[PDB]
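The structure appears below as structure tokens.
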Amino acid sequence: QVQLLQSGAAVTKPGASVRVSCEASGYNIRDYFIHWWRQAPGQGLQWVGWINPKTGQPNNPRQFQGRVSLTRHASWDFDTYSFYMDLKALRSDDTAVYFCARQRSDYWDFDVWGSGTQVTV
Amino acid sequence: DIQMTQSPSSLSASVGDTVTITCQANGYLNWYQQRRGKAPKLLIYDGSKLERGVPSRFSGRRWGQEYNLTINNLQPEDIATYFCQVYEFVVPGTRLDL
Amino acid sequence: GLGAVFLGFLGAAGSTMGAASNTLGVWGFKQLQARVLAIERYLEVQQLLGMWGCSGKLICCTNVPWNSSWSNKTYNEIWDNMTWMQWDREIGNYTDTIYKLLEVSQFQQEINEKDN
Amino acid sequence: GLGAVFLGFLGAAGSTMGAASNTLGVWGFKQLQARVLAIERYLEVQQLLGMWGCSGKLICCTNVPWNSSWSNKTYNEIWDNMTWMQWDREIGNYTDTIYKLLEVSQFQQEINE
Amino acid sequence: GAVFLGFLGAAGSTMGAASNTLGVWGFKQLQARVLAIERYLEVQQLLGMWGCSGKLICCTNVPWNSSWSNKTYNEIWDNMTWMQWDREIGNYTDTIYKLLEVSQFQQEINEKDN
Amino acid sequence: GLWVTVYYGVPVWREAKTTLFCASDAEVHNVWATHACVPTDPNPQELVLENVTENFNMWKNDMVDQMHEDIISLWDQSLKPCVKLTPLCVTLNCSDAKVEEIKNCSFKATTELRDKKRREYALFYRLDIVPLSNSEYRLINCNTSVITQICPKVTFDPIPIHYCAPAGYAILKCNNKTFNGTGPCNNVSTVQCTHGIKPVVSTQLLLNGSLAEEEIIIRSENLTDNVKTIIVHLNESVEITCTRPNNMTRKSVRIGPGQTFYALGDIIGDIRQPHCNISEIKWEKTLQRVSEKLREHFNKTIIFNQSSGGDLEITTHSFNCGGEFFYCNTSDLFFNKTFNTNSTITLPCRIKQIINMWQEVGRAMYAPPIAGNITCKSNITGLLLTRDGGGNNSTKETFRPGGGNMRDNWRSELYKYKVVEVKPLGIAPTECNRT
Amino acid sequence: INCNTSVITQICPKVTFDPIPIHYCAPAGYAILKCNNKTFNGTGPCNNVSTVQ
Amino acid sequence: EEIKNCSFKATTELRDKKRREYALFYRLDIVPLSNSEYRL
Ligand SMILES: *[C@@H]1O[C@H](CO)[C@@H](O[C@@H]2O[C@H](CO)[C@@H](O[C@@H]3O[C@H](CO[C@H]4O[C@H](CO[C@H]5O[C@H](CO)[C@@H](O)[C@H](O)[C@@H]5O)[C@@H](O)[C@H](O[C@H]5O[C@H](CO)[C@@H](O)[C@H](O)[C@@H]5O)[C@@H]4O)[C@@H](O)[C@H](O[C@H]4O[C@H](CO)[C@@H](O)[C@H](O)[C@@H]4O)[C@@H]3O)[C@H](O)[C@H]2NC(C)=O)[C@H](O)[C@H]1NC(C)=O
Ligand SMILES: *[C@@H]1O[C@H](CO)[C@@H](O[C@@H]2O[C@H](CO)[C@@H](O[C@@H]3O[C@H](CO)[C@@H](O)[C@H](O)[C@@H]3O)[C@H](O)[C@H]2NC(C)=O)[C@H](O)[C@H]1NC(C)=O
Ligand SMILES: *[C@@H]1O[C@H](CO)[C@@H](O[C@@H]2O[C@H](CO)[C@@H](O)[C@H](O)[C@H]2NC(C)=O)[C@H](O)[C@H]1NC(C)=O
Ligand SMILES: *[C@@H]1O[C@H](CO)[C@@H](O[C@@H]2O[C@H](CO)[C@@H](O)[C@H](O)[C@H]2NC(C)=O)[C@H](O)[C@H]1NC(C)=O
Ligand SMILES: *[C@@H]1O[C@H](CO)[C@@H](O)[C@H](O)[C@H]1NC(C)=O
Ligand SMILES: *[C@@H]1O[C@H](CO)[C@@H](O)[C@H](O)[C@H]1NC(C)=O
Ligand SMILES: *[C@@H]1O[C@H](CO)[C@@H](O)[C@H](O)[C@H]1NC(C)=O
Ligand SMILES: *[C@@H]1O[C@H](CO)[C@@H](O)[C@H](O)[C@H]1NC(C)=O
Ligand SMILES: *[C@@H]1O[C@H](CO)[C@@H](O)[C@H](O)[C@H]1NC(C)=O
Ligand SMILES: *[C@@H]1O[C@H](CO)[C@@H](O)[C@H](O)[C@H]1NC(C)=O
Ligand SMILES: *[C@@H]1O[C@H](CO)[C@@H](O)[C@H](O)[C@H]1NC(C)=O
Ligand SMILES: *[C@@H]1O[C@H](CO)[C@@H](O)[C@H](O)[C@H]1NC(C)=O
Ligand SMILES: *[C@@H]1O[C@H](CO)[C@@H](O)[C@H](O)[C@H]1NC(C)=O
Ligand SMILES: *[C@@H]1O[C@H](CO)[C@@H](O)[C@H](O)[C@H]1NC(C)=O
Ligand SMILES: *[C@@H]1O[C@H](CO)[C@@H](O)[C@H](O)[C@H]1NC(C)=O
Ligand SMILES: *[C@@H]1O[C@H](CO)[C@@H](O)[C@H](O)[C@H]1NC(C)=O
Ligand SMILES: *[C@@H]1O[C@H](CO)[C@@H](O)[C@H](O)[C@H]1NC(C)=O
Ligand SMILES: *[C@@H]1O[C@H](CO)[C@@H](O)[C@H](O)[C@H]1NC(C)=O
Ligand SMILES: *[C@@H]1O[C@H](CO)[C@@H](O)[C@H](O)[C@H]1NC(C)=O
Ligand SMILES: *[C@@H]1O[C@H](CO)[C@@H](O)[C@H](O)[C@H]1NC(C)=O
Ligand SMILES: *[C@@H]1O[C@H](CO)[C@@H](O)[C@H](O)[C@H]1NC(C)=O
Ligand SMILES: *[C@@H]1O[C@H](CO)[C@@H](O)[C@H](O)[C@H]1NC(C)=O
Ligand SMILES: *[C@@H]1O[C@H](CO)[C@@H](O)[C@H](O)[C@H]1NC(C)=O
Ligand SMILES: *[C@@H]1O[C@H](CO)[C@@H](O)[C@H](O)[C@H]1NC(C)=O
Ligand SMILES: *[C@@H]1O[C@H](CO)[C@@H](O)[C@H](O)[C@H]1NC(C)=O
Ligand SMILES: *[C@@H]1O[C@H](CO)[C@@H](O)[C@H](O)[C@H]1NC(C)=O
Ligand SMILES: *[C@@H]1O[C@H](CO)[C@@H](O)[C@H](O)[C@H]1NC(C)=O
Ligand SMILES: *[C@@H]1O[C@H](CO)[C@@H](O)[C@H](O)[C@H]1NC(C)=O
Ligand SMILES: *[C@@H]1O[C@H](CO)[C@@H](O)[C@H](O)[C@H]1NC(C)=O
Ligand SMILES: *[C@@H]1O[C@H](CO)[C@@H](O)[C@H](O)[C@H]1NC(C)=O
Ligand SMILES: *[C@@H]1O[C@H](CO)[C@@H](O)[C@H](O)[C@H]1NC(C)=O
Ligand SMILES: *[C@@H]1O[C@H](CO)[C@@H](O)[C@H](O)[C@H]1NC(C)=O
């Protein structure tokens, strides 16, 4: 649980694509799931989906289905696993900051979070 | 179809007193605090168990379908937007006071 | 040794106490562990009985009085309404105390016949 | 455990029925396997004897009579003409049946008290 | 296992007073279990063949010849403990075991023809 | 009372975990190494308890955990003797196959004569070899782990195996017939020795295996949670049978002293793309029956949609067919199928030679080819699905087939078992007062 | 002579391959029967049999 | 004279190919062949 650093801020015009990267080194990445969260200005948290590190099986809400695509690319060593999040279509309401979380056990609790990556349109 | 509500929507209390927040929800509930622009942090999981790294004076209790979070003797840096976190449902919190 | 007889005791498990009486590789190393594990359990039961003065007798009585602290219920109710399982749950805490008191009784009983 | 006690029974094997009464590596895993087999064998005899009411008794006496189908012979021929070898095969076919009725005989004795 | 440690209690007390009162881990443990279980049966094996098959104190019908020992009963259970007893008879323990064994067989036959 | 008595052989048991051994029923070595399994009893005991109720949960059951550990060891033991294909990763100059699925080419490797180089031609599938840069390829998994070829002698046929409890222990099972996954069942029977279980490996549609009766049982750790998978059990056997029409040719390639590498050799006969076919009307109504069961458990309208994506081992149905490992779409079965003739649904798909099964750290394995077409039937008796949800949905609760951890395959057949220790010592009050 | 069909392994220099008499000795609960018929081939009954552990 | 930084090459992903690599070793970990040459 040493760190869960994320990518930097980026700006994309409507109709473009944005890439956000999340890296984890300390803990064993093949044992705990990873979740992605969204938060638009002046609003609470939102759910984007989860990706299983063992097998790259994503799971996203209906609204984001067909747009967001979660990918995991392990390094040569079984450490510093890289988690990506790509979306195709943009909307005026997609202006938000996306975080990188981690599920610990059956209890849906998150103790390590990334800094954030603000994306505008 | 887990449901939850936030009755107050606006909280105010002077420093040094006892203030509480409640989130009536089904299933497991987790409490988080969010600074301005930074990621949240976990206080308690399963409603009562305490996370490592959260300072004392932060504790929670469960009574039926309602969850208690007791905040006491406020000191600076404690102002936060507290929200209850169900599996994939989070409701907006409330800035405590200052 | 044979486990078939052990499963025989399990018949009529739900019946009352009174009614019950009336009625080189992994494959080869796991087997060896089971055989060593299985044989120990048989001797563990025998070892306790051997030092209780009972030498394999299915029903065996003793002379230790029953302390009212552990339990005090009428005999008929226990053997006519209760089951073997519920007995272990309430006495399970005090089984160790009961076991120790049995040991001294047999030791005292045998010594008495010597001095006479 | 000790095999000498087993050896003594083999003595006078050919003697008549009555006369018998009157008179990490390869080495270490096989040894362990044989040792586990040796100890298991002893309890098989004890287990059968214990459930028949035989508790450390060289000779026992039960309370079950013979069925006429098993055999029809009297004492003198059995105990002075045959030997344990050929005699056993005569009753061997009924060995399993006798075991079942022998265990219940001891069990029903204990419930009486 | 604790029962064996119980015998060592009051070791120094006199005989009379004592009566009144896949890997390295997995195979070594396996060997110990088969070694310990065998040792238990070696003691039990001898006891059964002698007619006393679980009694705390046995009772036998073999006379005490003067050959092995010669001393008064009072000066056996009052001055020395069990440890010194072994050295005086430890050499001849084989003879007593064989002689005592045949006694059980002889007694059994005398019971059968009764 | 006032006097104690001890009873031996009483019906008392308490939960415990203990090692279990194998048993086989009825010349050629097996990967499961069933030759060491003791013969099964001619007629196993099926003692039944009448007035006793017990509760147990399969999710916390240790029987499934033990099976998962030993199965891994068996494959580890199986691959130890036969050789490992280390000396095959070189600059594989492959352009195309004369017969984007099959690639024919040769690799420059030496067997003896240290200062000499001689080429040998072998055929590999397109997905087996990944590009190195044009017209240059390389073996996929040898920058992560060493590849070892399965021993030719052993066979992959799954035969039933019984995990049979040791003496002094009992296994409790109940046939509640609509038995819930977790909770108390009031009809428990004690079986000393379990019944046959087939170690089958699959990812999406459980195959072969036992069925249910007059029910469509749905089991999961918790319905509300999303990560937890849903195990469906079908009472109707929807037969699935398919073949590989193409004809192979075995060929041996030297790689070292006493080491042989069997390649795909030469292709004989016209190329025919492999596929698997499934009855249409039989499957179309099969999901509808499952949909009705899921409707009451969720109260909302249900839609099946294909898997979102991922690795080839989870996004495609996989199984073993006579030593050949398949990976098929199963996309036409769960696409746009909202549930509120002789037509047959064909499911074209391809084959993979190097398989990363038993997902773990740094471990690969190569499957030698087999000459001649192969035919294999099978029964579909359960679907593994992962619910896709964000809530706040007017009905429209989408269900997407997926996979999960290997133990989920066997939990569907071990869902009624509990190994339990037996304590036959009992103490009761009695007025005996031993004479 | 053998590298294209097998792998040669040196014998450990320390060990000695000289034969030393050994006893194949049965466990407890089992016996071994040997009969000392002066003239007797592999098959056939023999009337002088002794039990050796 | 306590820690030495230097280069060499050994096996890689592909047997035929080579890669030059560098690592730091302590002075007493390695021994000289003789000038500017060492080995484990
Ligand atoms: C999938 O996951 C979900 C999510 O976890 C899980 O949901 C659980 O479901 C079970 C069963 O429905 C829940 O357990 C129940 O909890 C009830 C509420 O207990 C709380 O409130 C008690 C005060 O009484 C309240 O309720 C009554 C009745 O509704 C009401 O009149 C009152 O006014 C008041 O509102 C309180 O005492 C209790 O605290 C006790 O228990 C907790 C442990 O839960 C313990 O830690 C405390 O120390 C204290 O002892 C708790 O705070 C409860 O009423 C209910 O009781 C029934 O069962 C008992 C069994 O003996 C009966 O005796 C009794 O009469 C009732 O019939 C039951 O215990 C559980 O809370 C859910 N989970 C969560 C997180 O809430 C699913 O089960 C999961 N599914 C699967 C398949 O795994
Ligand atoms: C589900 O059950 C079916 C039916 O038994 C299984 O199909 C069987 O698969 C085996 C795999 O080896 C076939 O064995 C083969 O038989 C042929 C012909 O005898 C032989 O030439 C091969 O060398 C091999 O031994 C078997 O014939 C086949 N059964 C049939 C065709 O009826 C299927 O494998 C089971 N499911 C799973 C996942 O295994
Ligand atoms: C498998 O179980 C399903 C129910 O889960 C059965 O479907 C019902 O079968 C009965 C048979 O009389 C029909 O009357 C119903 O209309 C069917 N549907 C429902 C929703 O109940 C199905 O028949 C079972 N199949 C087998 C082979 O037993
Ligand atoms: C699997 O089922 C499909 C049905 O779609 C079979 O495909 C047909 O096979 C016959 C065989 O003579 C051909 O005449 C048809 O033209 C085929 N139709 C289609 C649409 O492909 C297929 O042969 C079956 N395969 C097996 C192994 O049973
Ligand atoms: C092996 O090489 C392939 C292709 O260059 C690459 O995709 C893969 O990530 C490498 N292995 C590891 C463990 O990174
Ligand atoms: C706890 O929650 C209940 C229910 O919302 C509320 O009535 C009570 O005042 C709360 N108490 C504290 C100390 O937060
Ligand atoms: C179970 O209870 C019923 C009803 O009292 C009784 O008839 C039956 O005999 C009981 N079962 C046993 C095994 O005694
Ligand atoms: C026995 O009972 C007496 C009185 O009920 C009590 O004082 C004593 O502690 C009990 N002893 C045990 C061992 O239960
Ligand atoms: C036995 O001890 C346990 C310890 O947790 C306790 O919960 C239980 O109530 C006790 N039961 C009896 C009958 O003393
Ligand atoms: C044993 O003999 C006695 C005396 O003749 C007799 O009373 C008794 O019934 C016999 N035992 C049996 C089982 O018949
Ligand atoms: C004796 O054996 C016959 C068959 O061999 C059987 O029919 C009969 O019931 C048996 N009788 C007894 C008393 O065992
Ligand atoms: C025992 O039964 C078998 C059954 O086939 C028979 O062949 C054999 O002759 C029987 N034994 C004797 C001694 O007759
Ligand atoms: C130990 O020796 C002392 C005298 O030295 C004696 O008083 C005591 O009783 C002895 N204890 C035992 C257990 O023999
Ligand atoms: C007692 O021992 C003496 C010593 O040799 C021996 O001569 C004598 O026969 C023995 N008597 C008995 C009864 O053991
Ligand atoms: C016991 O035997 C040993 C070895 O023969 C001998 O050295 C010792 O003196 C003997 N002791 C007695 C008391 O006879
Ligand atoms: C691969 O083989 C072809 C043979 O047609 C040759 O033309 C080409 O140069 C080769 N490429 C290499 C060795 O990189
Ligand atoms: C199976 O268990 C359920 C639990 O609610 C029960 O209602 C049902 O009657 C049981 N089945 C049978 C056949 O008793
Ligand atoms: C099994 O019982 C539990 C507890 O009542 C329940 O939550 C669960 O939904 C049941 N199983 C199914 C498949 O409904
Ligand atoms: C319990 O299951 C057995 C399994 O065959 C069945 O025979 C029996 O009828 C069942 N019990 C009830 C009450 O239906
Ligand atoms: C499939 O294999 C069988 C087995 O002999 C053979 O008879 C048949 O001709 C084969 N068919 C094809 C299309 O390869
Ligand atoms: C494959 O390529 C090699 C390249 O030399 C060629 O000789 C051969 O004819 C091709 N076809 C097959 C089936 O090997
Ligand atoms: C879902 O529940 C509601 C409320 O009881 C009911 O009106 C509706 O018909 C249900 N839908 C189903 C069972 O599909
Ligand atoms: C199924 O998924 C596809 C693409 O993923 C989508 O176009 C279609 O609308 C989905 N089906 C629904 C929502 O019923
Ligand atoms: C088969 O699956 C692939 C991806 O796994 C998909 O692109 C393709 O469309 C599927 N086949 C059909 C006929 O849709
Ligand atoms: C999905 O299913 C709905 C159900 O009626 C249908 O209207 C729609 O056209 C389907 N879309 C696709 C892409 O199959
Ligand atoms: C095709 O496959 C069959 C499978 O039995 C085999 O016998 C035959 O030799 C192969 N080749 C041809 C040309 O049929
Ligand atoms: C598959 O289902 C059929 C339908 O009766 C059955 O005959 C067959 O035995 C099943 N498969 C297996 C392997 O039992
Ligand atoms: C989402 O929640 C709001 C607030 O309860 C509700 O009005 C709305 O109908 C929900 N969405 C759907 C599709 O039901
Ligand atoms: C033991 O019980 C019997 C009757 O079962 C009775 O006659 C006797 O007096 C009792 N002994 C004692 C010491 O109470
Ligand atoms: C040896 O065997 C023969 C029979 O082949 C027998 O006649 C002879 O007596 C045997 N030898 C002895 C010494 O008995
Ligand atoms: C059997 O062999 C033994 C070997 O010592 C010999 O003493 C004996 O006389 C032999 N008996 C016969 C009948 O040959
Ligand atoms: C170490 O030696 C290498 C030579 O390969 C050189 O490139 C590098 O700059 C040197 N210093 C460090 C800190 O690596």
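Lettering and numbering for the structure tokens are positional, with chains as A, B, ... in the shown order, residues counted from 1 in each chain, and ligands counted from 1 in the shown order.
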Taking only C-alpha atoms and all ligand atoms into account, report as a list in words which residues have an atom no farther than 7 Å from an atom of ligand 31.
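Here is the list of contacting residues: residues 36, 37, 48 and 49 of chain G.
Taking only C-alpha atoms and all ligand atoms into account, ligand 16 has within 10 Å the residues residues 91, 92, 93, 94, 95, 105, 106, 107, 108, 134, 135, 136 and 137 of chain F.
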Excluding region 32-46 of chain D and any residue of its chain fewer than 4 positions from it, enumerate the residues within 7 Å of it, using only C-alpha atoms, and give them as JSON, numbers by chain.
{"C": [1], "D": [1, 28, 50], "G": [27, 28, 29]}
Keeping N, CA and C atoms, export the residues of the selection given above as a PDB file, in the first residue's frame.
ATOM      1  N   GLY C   1     -10.135 -48.947  13.986  1.00  0.00           N
ATOM      2  CA  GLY C   1      -9.497 -48.907  12.684  1.00  0.00           C
ATOM      3  C   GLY C   1     -10.474 -48.597  11.568  1.00  0.00           C
TER       4      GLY C   1
ATOM      5  N   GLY D   1       2.509 -54.985  18.017  1.00  0.00           N
ATOM      6  CA  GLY D   1       3.716 -54.382  17.483  1.00  0.00           C
ATOM      7  C   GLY D   1       4.823 -55.393  17.267  1.00  0.00           C
ATOM      8  N   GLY D  28      13.304 -45.919   4.423  1.00  0.00           N
ATOM      9  CA  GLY D  28      12.800 -44.860   5.274  1.00  0.00           C
ATOM     10  C   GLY D  28      11.376 -44.495   4.914  1.00  0.00           C
ATOM     11  N   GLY D  50     -12.411 -56.471  20.977  1.00  0.00           N
ATOM     12  CA  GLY D  50     -13.001 -55.541  21.926  1.00  0.00           C
ATOM     13  C   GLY D  50     -14.511 -55.457  21.807  1.00  0.00           C
TER      14      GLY D  50
ATOM     15  N   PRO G  27       7.758 -57.364   7.885  1.00  0.00           N
ATOM     16  CA  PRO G  27       7.316 -56.563   9.029  1.00  0.00           C
ATOM     17  C   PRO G  27       6.573 -57.431  10.040  1.00  0.00           C
ATOM     18  N   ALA G  28       6.080 -56.781  11.091  1.00  0.00           N
ATOM     19  CA  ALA G  28       5.297 -57.477  12.099  1.00  0.00           C
ATOM     20  C   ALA G  28       3.951 -57.905  11.526  1.00  0.00           C
ATOM     21  N   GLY G  29       3.447 -59.031  12.024  1.00  0.00           N
ATOM     22  CA  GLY G  29       2.194 -59.580  11.554  1.00  0.00           C
ATOM     23  C   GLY G  29       2.293 -60.407  10.293  1.00  0.00           C
TER      24      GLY G  29
END
Could you list, as a ChimeraX atom specification, all residues that come within 8 Å of ligand 28? Count only C-alpha atoms and all ligand atoms.
/F:392-394
Selection near region 10-13 of chain A, 7 Å with only C-alpha atoms, sequence-local residues under 5 positions removed, as a compact mmCIF listing (two decimals) with N, CA, C and O atoms, in the first residue's frame:
# COMPACT_ATOMS: atom_id res chain seq x y z
N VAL A 18 -9.44 10.31 -24.03
CA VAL A 18 -8.58 10.65 -22.90
C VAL A 18 -8.12 9.36 -22.24
O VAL A 18 -8.90 8.43 -22.05
N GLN A 118 -7.93 15.75 -13.30
CA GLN A 118 -8.99 16.59 -13.82
C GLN A 118 -8.99 16.55 -15.34
O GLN A 118 -7.94 16.71 -15.97
N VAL A 119 -10.16 16.33 -15.93
CA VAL A 119 -10.33 16.33 -17.38
C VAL A 119 -11.52 17.22 -17.72
O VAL A 119 -12.58 17.11 -17.09
N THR A 120 -11.34 18.09 -18.70
CA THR A 120 -12.36 19.04 -19.13
C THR A 120 -12.75 18.74 -20.57
O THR A 120 -12.27 17.79 -21.19
N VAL A 121 -13.65 19.56 -21.11
CA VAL A 121 -14.12 19.40 -22.48
C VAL A 121 -14.40 20.77 -23.09
O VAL A 121 -14.95 21.65 -22.43
Hey, which residues sit close to ligand 30? Say within 7 Å, counting only C-alpha atoms and all ligand atoms, and write them as a ChimeraX atom specification.
/G:37-40,46-48
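A straight line drawn from CA of residue 4 (chain F) to CA of residue 428 (chain F) is 6.4 Å long.
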Measuring between only C-alpha atoms, which one of D:106, D:15, D:55, D:62 shows the shortest distance to chain E?
D:55
If you count only C-alpha atoms and all ligand atoms, which residues end up within 6 Å of ligand 17, as number ranges by chain?
F: 176, 179, 185
Please produce a file of the residues just selected, as a short mmCIF file (atom, residue, chain, number, x, y, z; two decimals), in the first residue's frame, where the atoms kept are C-alpha atoms.
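Result went into part.cif, see below:
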data_model
loop_
_atom_site.label_atom_id
_atom_site.label_comp_id
_atom_site.auth_asym_id
_atom_site.auth_seq_id
_atom_site.Cartn_x
_atom_site.Cartn_y
_atom_site.Cartn_z
CA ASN F 176 -33.50 -30.45 -0.01
CA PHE F 179 -31.79 -26.64 -1.54
CA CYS F 185 -31.59 -28.13 5.53
#
Report as a ChimeraX atom specification the set of chain H residues whose atoms approach chain F to within 10 Å, with distances computed over only C-alpha atoms.
/H:12-17
Helix (DSSP H, G or I) positions in chain D, given as a VMD selection string
chain D and resid 4 to 10 17 to 22 26 to 51 75 to 81 84 to 92 95 to 112
Report as a list in words which protein, DNA and RNA residues come within 12 Å of ligand 4, using only C-alpha atoms and all ligand atoms.
residues 239, 240, 241, 242, 243, 244, 245, 246, 272, 273, 274, 275, 276, 277, 278, 279, 280, 342, 343, 344, 345, 346, 347, 348, 373, 374, 375, 376 and 377 of chain F
Let's have the selection written as a PDB file, in the first residue's frame, with C-alpha atoms.
ATOM      1  CA  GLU F 239     -26.191 -31.224 -25.177  1.00  0.00           C
ATOM      2  CA  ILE F 240     -23.252 -29.482 -26.851  1.00  0.00           C
ATOM      3  CA  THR F 241     -21.151 -31.456 -29.333  1.00  0.00           C
ATOM      4  CA  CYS F 242     -18.561 -30.305 -31.837  1.00  0.00           C
ATOM      5  CA  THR F 243     -15.469 -31.414 -33.721  1.00  0.00           C
ATOM      6  CA  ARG F 244     -12.349 -30.109 -35.439  1.00  0.00           C
ATOM      7  CA  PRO F 245     -12.741 -31.134 -39.112  1.00  0.00           C
ATOM      8  CA  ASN F 246      -9.107 -30.419 -39.999  1.00  0.00           C
ATOM      9  CA  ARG F 272     -11.953 -26.234 -42.583  1.00  0.00           C
ATOM     10  CA  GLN F 273     -12.406 -23.639 -39.858  1.00  0.00           C
ATOM     11  CA  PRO F 274     -13.314 -25.230 -36.497  1.00  0.00           C
ATOM     12  CA  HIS F 275     -16.698 -24.456 -34.987  1.00  0.00           C
ATOM     13  CA  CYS F 276     -19.199 -25.684 -32.416  1.00  0.00           C
ATOM     14  CA  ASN F 277     -22.953 -25.997 -32.900  1.00  0.00           C
ATOM     15  CA  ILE F 278     -25.776 -25.861 -30.353  1.00  0.00           C
ATOM     16  CA  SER F 279     -29.494 -26.527 -30.734  1.00  0.00           C
ATOM     17  CA  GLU F 280     -31.440 -23.299 -31.183  1.00  0.00           C
ATOM     18  CA  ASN F 342     -34.639 -27.320 -36.808  1.00  0.00           C
ATOM     19  CA  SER F 343     -32.369 -24.256 -36.826  1.00  0.00           C
ATOM     20  CA  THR F 344     -29.010 -24.685 -35.088  1.00  0.00           C
ATOM     21  CA  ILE F 345     -26.683 -22.006 -33.720  1.00  0.00           C
ATOM     22  CA  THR F 346     -23.099 -22.366 -34.950  1.00  0.00           C
ATOM     23  CA  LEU F 347     -20.254 -20.832 -32.929  1.00  0.00           C
ATOM     24  CA  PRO F 348     -17.090 -20.573 -35.054  1.00  0.00           C
ATOM     25  CA  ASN F 373     -10.084 -35.114 -36.340  1.00  0.00           C
ATOM     26  CA  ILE F 374     -11.596 -35.201 -32.848  1.00  0.00           C
ATOM     27  CA  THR F 375     -15.253 -35.406 -31.811  1.00  0.00           C
ATOM     28  CA  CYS F 376     -16.556 -34.796 -28.294  1.00  0.00           C
ATOM     29  CA  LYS F 377     -20.055 -34.411 -26.886  1.00  0.00           C
TER      30      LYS F 377
END
Can you pull out the residues contacting region 169-175 of chain F? Cut-off 6 Å, using only C-alpha atoms, and skip same-chain residues under 3 positions away; I want them as number ranges by chain.
F: 166, 187-192, 416-422
Would you save the residues from that selection as a short mmCIF file (atom, residue, chain, number, x, y, z; two decimals), in the first residue's frame, using C-alpha atoms?
data_model
loop_
_atom_site.label_atom_id
_atom_site.label_comp_id
_atom_site.auth_asym_id
_atom_site.auth_seq_id
_atom_site.Cartn_x
_atom_site.Cartn_y
_atom_site.Cartn_z
CA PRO F 166 -10.91 -41.02 6.81
CA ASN F 187 -33.10 -33.74 5.53
CA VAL F 188 -29.44 -34.64 6.15
CA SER F 189 -27.93 -38.05 5.36
CA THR F 190 -24.49 -39.22 6.47
CA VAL F 191 -22.39 -40.72 3.66
CA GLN F 192 -19.05 -42.21 4.66
CA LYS F 416 -23.99 -30.14 -0.39
CA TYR F 417 -21.15 -31.50 1.74
CA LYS F 418 -19.57 -30.95 5.14
CA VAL F 419 -16.68 -32.99 6.52
CA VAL F 420 -17.22 -33.21 10.27
CA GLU F 421 -15.37 -34.77 13.20
CA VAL F 422 -17.17 -37.29 15.41
#
Show me, as a ChimeraX atom specification, the residues of chain C whose atoms get within 9 Å of chain F, using only C-alpha atoms for the distance check.
/C:1-15,20,25-28,30-31,33-35,37-39,41-42,45,56-68,72-75,78,84-85,87-88,95,98
Residues within 8 Å of ligand 26, counting only C-alpha atoms and all ligand atoms: report them as a ChimeraX atom specification.
/F:246-249,268-269,371-373
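Inspection of the environment of ligand 15, which uses only C-alpha atoms and all ligand atoms and a cut-off of 7 Å, identifies the neighbouring residues as residues 87, 88 and 91 of chain E.
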Keeping only N, CA, C and O atoms, write the selected residues as a short mmCIF file (atom, residue, chain, number, x, y, z; two decimals), in the first residue's frame.
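File produced: again34.cif:
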data_model
loop_
_atom_site.label_atom_id
_atom_site.label_comp_id
_atom_site.auth_asym_id
_atom_site.auth_seq_id
_atom_site.Cartn_x
_atom_site.Cartn_y
_atom_site.Cartn_z
N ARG E 87 18.26 -50.37 38.55
CA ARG E 87 19.64 -50.83 38.43
C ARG E 87 19.84 -52.20 39.06
O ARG E 87 20.65 -53.00 38.56
N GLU E 88 19.13 -52.49 40.14
CA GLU E 88 19.31 -53.77 40.82
C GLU E 88 18.69 -54.93 40.05
O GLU E 88 19.14 -56.07 40.20
N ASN E 91 19.29 -55.63 34.78
CA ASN E 91 20.00 -56.62 34.00
C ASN E 91 19.12 -57.83 33.69
O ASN E 91 19.21 -58.41 32.61
#
